[PDB]
Amino acid sequence: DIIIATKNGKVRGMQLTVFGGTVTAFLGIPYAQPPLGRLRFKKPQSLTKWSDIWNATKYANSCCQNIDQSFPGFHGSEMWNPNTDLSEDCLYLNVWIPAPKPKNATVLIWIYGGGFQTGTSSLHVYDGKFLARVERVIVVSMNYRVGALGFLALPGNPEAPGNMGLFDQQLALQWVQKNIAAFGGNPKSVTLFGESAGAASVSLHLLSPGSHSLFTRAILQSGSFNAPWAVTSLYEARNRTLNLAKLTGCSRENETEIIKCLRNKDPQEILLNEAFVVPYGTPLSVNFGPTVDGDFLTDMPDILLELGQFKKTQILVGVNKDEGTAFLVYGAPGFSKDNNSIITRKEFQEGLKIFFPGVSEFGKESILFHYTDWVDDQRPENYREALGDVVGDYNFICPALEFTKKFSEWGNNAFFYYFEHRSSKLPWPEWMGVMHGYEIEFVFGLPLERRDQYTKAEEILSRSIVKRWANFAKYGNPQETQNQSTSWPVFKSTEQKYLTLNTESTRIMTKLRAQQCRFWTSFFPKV
Ligand SMILES: *[C@@H]1O[C@H](CO[C@@H]2O[C@@H](C)[C@@H](O)[C@@H](O)[C@@H]2O)[C@@H](O[C@@H]2O[C@H](CO)[C@@H](O)[C@H](O)[C@H]2NC(C)=O)[C@H](O)[C@H]1NC(C)=O
Ligand SMILES: *[C@@H]1O[C@H](CO[C@@H]2O[C@@H](C)[C@@H](O)[C@@H](O)[C@@H]2O)[C@@H](O[C@@H]2O[C@H](CO)[C@@H](O)[C@H](O)[C@H]2NC(C)=O)[C@H](O)[C@H]1NC(C)=O
Ligand SMILES: O=C(NC[C@@H](O)CNCC1CCCCC1)C(c1ccccc1)c1ccccc1
Ligand SMILES: *[C@@H]1O[C@H](CO[C@@H]2O[C@@H](C)[C@@H](O)[C@@H](O)[C@@H]2O)[C@@H](O)[C@H](O)[C@H]1NC(C)=O
Ligand SMILES: *[C@@H]1O[C@H](CO)[C@@H](O)[C@H](O)[C@H]1NC(C)=O
Ligand SMILES: *[C@@H]1O[C@H](CO)[C@@H](O)[C@H](O)[C@H]1NC(C)=O
Ligand SMILES: *[C@@H]1O[C@H](CO)[C@@H](O)[C@H](O)[C@H]1NC(C)=O
Ligand SMILES: [Cl-]
Ligand SMILES: [Cl-]
Ligand SMILES: [Cl-]
Ligand SMILES: [Cl-]
Ligand SMILES: [Cl-]
Ligand SMILES: [Cl-]
């Protein structure tokens with residue numbers, strides 16, 4: 001019976017047997033007044049004390065979201081859909097503390113991705129119990145508002161200022177600072193980490209002044225704010241907001257009377273209309289995303305990045321080999337998870353219109369010109385792999401690399417990795433490679449469970465990754481000092497060294513996707 005006194009009330013956890021050991025889990029602790037009623041679309045409000053003992057012993061509600069139904073019954077898609085009830089009342093967080101209760105444990109705060117439209121902390125591949133048991137860190141994850149409920153934007157107007165889900169995240173970081181001391185954790189040693197939109201979120205907390213004092217270091221997995229999907233412009237946000245009013249018959253003239261109208265609507269009416277607020281959409285469509293609100297973000301972030309306006313600290317950044325493949329089976333012609341998707345030059349050009357809709361005829365041509373200069377013109381996989389690389393390089397790898405260059409130019413230590421191992425339990429087909437999001441299980445130490453059908457070499461890779469991640473959190477240095485590991489060097493803007501993670505080797509390489517990223521970063525923004 002482990003009851004902890006938090007600043008808002010007592011909470012009861014539960015005991016977990018992990019690897020012939022023990023971990024104390026606290027699941028679904030509230031951290032804000034539920035944003036229901038007049039609180040929908042508003043920034044989160046601080047909780048009043050409760051007198052009972054809160055039973056934080058099961059995952060809480062996930063936040064409202066549109067589920068991926070593109071491959072029903074398919075684990076590869078459904079492993080990401082929420083595994084608890086959806087509710088507007090969803091601002092809750094979880095804590096895993098090692099047993100015995102530690103003294104001054106480094107805290108790890110996880111933020112999930114999902115395109116800022118979906119995601120939940122209760123996912124099986126976000127279970128922190130392993131990291132607590134193995135590395136005696138404290139793992140924390142929070143739920144935050146996604147989609148229009150968490151990012152509907154009417155800038156200036158506090159009834160929908162934007163970035164509510166980011167302010168959800170930021171409230172939880174606060175909760176840790178005031179309470180994690182009571183759990184054995186060190187508020188002075190908090191490492192943010194996240195993946196995809198979670199990773200974009202982490203980069204934005206590096207830029208938001210109101211988050212500078214709430215964490216120490218940060219790890220960014222396949223995601224950064226400077227990626228083309230991560231920030232909604234003020235133009236897009238208004239057309240999208242206004243469109244969502246038309247789709248609900250909430251079009252009004254007084255800007256506030258519009259919000260009030262959307263607040264008597266049921267969550268499903270708002271969820272259903274989110275698809276169509278963009279006329280033409282891409283598969284990577286973040287209909288309601290982070291914006292330059294003037295509260296969380298004070299300027300456009302690409303400027304702040306360029307001019308050094310961020311928390312000075314260490315960062316750990318990386319990407320996966322085949323980031324782009326996942327998106328090709330969500331709309332690209334000639335593709336499917338159920339064949340090798342050999343496409344033609346015509347299907348390739350067609351796919352560019354899918355992923356680059358509002359782009360000039362000359363822009364699409366330039367993408368084709370730079371990726372379809374093959375070594376062997378006879379290779380049949382040529383156009384299939386090229387569309388994956390296009391998507392992955394444009395949407396993840398080159399923005400992540402550019403973030404890491406820019407951030408490092410102000411003197412902080414950065415470390416870049418390149419995850420290139422395909423999971424043995426990967427459910428998608430093999431032509432899709434080292435897919436977006438399939439390092440997460442390795443980072444959380446799921447292959448450490450022998451009773452799980454993971455190969456042996458996959459255990460060892462997860463163990464070294466979990467070491468390097470934990471050593472980065474505790475010490476700002478992601479090394480594995482004991483088992484004669486390859487030393488991970490700092491990313492410098494000159495040499496641009498990075499570390500490869502695979503089961504065979506661990507190599508030091510330089511200047512990832514060099515040719516590819518001079519195109520996406522120096523040529524293509526001109527179009
Ligand atoms: C800004 O939004 C308008 C409205 O777009 C539509 O809104 C809903 C009716 C929705 O269900 C979708 O059909 C649309 O997103 C955009 O105007 C539309 O533009 C498309 C082509 O761009 C045209 O075929 C439609 O007939 C137009 N409909 C209306 C009502 O105007 C407009 O393009 C958006 N501005 C942008 C994207 O810059
Ligand atoms: C690979 O499959 C795609 C996807 O088509 C679907 O999935 C298949 C496995 C099968 O169930 C089809 O009946 C499905 O429609 C194929 O793309 C389709 O190709 C057909 C014939 O060329 C065409 O009529 C459809 O319009 C295409 N649909 C889409 C969405 O692209 C593709 O031809 C297959 N290629 C290979 C090499 O197997
Ligand atoms: O995550 C998207 N939507 C949510 C949902 O519907 C399907 N995603 C599931 C993801 C969960 C976490 C990370 C791995 C997969 C969407 C996206 C947009 C922008 C940036 C990244 C991802 C997307 C669209 C097509 C294929 C994969 C992902
Ligand atoms: C919280 O739970 C209390 C009982 O917990 C029970 O006993 C402990 C030792 C565990 O075994 C647990 O799984 C059991 O359910 C209730 O008495 C109490 O009323 C509950 N509080 C609330 C607010 O529901
Ligand atoms: C924990 O670490 C900080 C420095 O990181 C130190 O000041 C503090 O005294 C330590 N102990 C406790 C109980 O917080
Ligand atoms: C809109 O309505 C609210 C509430 O009645 C009011 O406070 C606000 O001033 C109004 N704005 C305009 C422009 O009429
Ligand atoms: C190093 O090897 C030993 C086995 O001798 C193992 O117990 C330990 O966990 C390994 N450490 C890492 C980080 O792989
Ligand atoms: Cl899984
Ligand atoms: Cl490669
Ligand atoms: Cl050809
Ligand atoms: Cl899996
Ligand atoms: Cl390369
Ligand atoms: Cl060029």
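Derivation of every value follows stated rules applied to the coordinates shown; laboratory data play no part. Please note: Cβ atoms are built from the backbone with ideal geometry, for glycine as well, and neighbour counts cover all protein chains shown.
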Given the criterion over 18 Å from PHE407 (Cα atoms) and basic (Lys, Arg), identify the matching residue among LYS492, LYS497, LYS511, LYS526. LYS526
Just to verify a result, which residue in the stretch 465-518, among those that are crowded, with 19+ Cβ neighbours inside 10 Å and among the aromatic types (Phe, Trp, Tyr), is nearest to ligand 12 (Cβ to nearest atom)? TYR498
Return the pair list, or none, for Cβ contacts closer than 6 Å from residues in the stretch 180-196 that are on the phi > 0 side of the Ramachandran plot to residues that are within 16 Å of ligand 8 (Cβ to nearest atom) and not basic (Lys, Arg), at least 6 apart or on different chains. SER196/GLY113
Restricting the stretch 459-478 to residues that are under 14 Å from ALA105 (Cα atoms) and not small (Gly, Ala, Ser), which is farthest from ligand 8 (Cβ to nearest atom)? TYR475
Determine if the stretch 235-250 includes at least one residue that is acidic (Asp, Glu) and without any contact (Cβ under 8 Å) to a residue 60 or more places away in the chain. yes
Inside the stretch 201-229, the number of residues satisfying the requirement of being touching a strand residue (DSSP E or B) at 6+ places or on another chain (Cβ under 8 Å) and of a type outside the set (S, T, N, Q) is 10
Quick check, is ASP85 without any contact (Cβ under 8 Å) to a residue 40 or more places away in the chain and of a type in the set (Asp, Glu)? yes
In the stretch 28-56, which residue that is surrounded by 21 or more Cβ atoms within 10 Å (Cβ to Cβ) and within 21 Å of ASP127 (Cβ to Cβ) is nearest to ligand 4 (Cβ to nearest atom)? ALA56
Within the stretch 132-151, identify whether any single residue is among the polar types (S, T, N, Q) and assigned to a strand (DSSP E or B), and answer yes or no. yes
Yes or no: the stretch 371-385 includes at least one residue that is within 16 Å of ligand 12 (Cβ to nearest atom), more than 26 Å from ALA470 (Cβ to Cβ), more than 29 Å from the chain's Cα centre (by Cα) and of a type in the set (A, V, I, L, M). yes
Residue among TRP96, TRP110 that alone is within 14 Å of ligand 3 (Cβ to nearest atom), in contact (Cβ under 8 Å) with a residue 60 or more places away in the chain, of a type outside the set (S, T, N, Q) and assigned to a strand (DSSP E or B): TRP110
Looking at the stretch 28-47, I want the residues that are within 18 Å of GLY147 (Cβ to Cβ) and have a partner that is surrounded by 21 or more Cβ atoms within 10 Å (Cβ to Cβ) and of a type in the set (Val, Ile, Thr) with Cβ atoms under 7 Å, at least 6 apart or on another chain. Which pairs are those? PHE41/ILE259
With respect to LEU154, determine if the residue is touching a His at 6+ places or on another chain (Cβ under 9 Å) and surrounded by fewer than 23 Cβ atoms within 10 Å (Cβ to Cβ). no
With respect to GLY476, determine if the residue is within 30 Å of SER341 (Cα to Cα) and away from ligand 4 (no atom under 16 Å from the Cβ). no
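Does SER201 qualify as being within 20 Å of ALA470 (Cβ to Cβ), of a type in the set (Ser, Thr, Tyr), more than 16 Å from ligand 7 (Cβ to nearest atom) and not in a loop (DSSP other than H, G, I, E, B)?
Here the answer is no, as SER201 does not meet what is asked.
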Test for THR313: is it hydroxyl-bearing (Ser, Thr, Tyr), away from ligand 13 (no atom under 16 Å from the Cβ) and within 24 Å of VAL286 (Cα to Cα): no
Which numbered condition trips up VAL375, out of (1) touching a strand residue (DSSP E or B) at 6+ places or on another chain (Cβ under 8 Å); (2) outside any helix (DSSP H, G or I)? (1)
I need every pair where a residue in the stretch 216-232 that is part of a loop (DSSP other than H, G, I, E, B) has its Cβ under 6 Å from the Cβ of a residue that is among the small types (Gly, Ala, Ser) and surrounded by fewer than 24 Cβ atoms within 10 Å (Cβ to Cβ), sequence separation at least 6 or different chains. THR216/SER189
Give me the helices (runs of 4 or more DSSP H) completely within the stretch 241-345, filtered to those with at least 2 residues that are surrounded by fewer than 20 Cβ atoms within 10 Å (Cβ to Cβ), ordered by residue number. 255-263, 267-273, 301-306
For the list (1) out of contact with any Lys or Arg (no Cβ under 6 Å at 6 or more places or on another chain); (2) surrounded by 20 or more Cβ atoms within 10 Å (Cβ to Cβ), I need the number of the one condition that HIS75 fails. (2)
Scan the stretch 368-389 and tell me whether some residue there is crowded, with 22+ Cβ neighbours inside 10 Å, within 16 Å of ligand 10 (Cβ to nearest atom) and closer than 30 Å to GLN453 by Cβ. yes
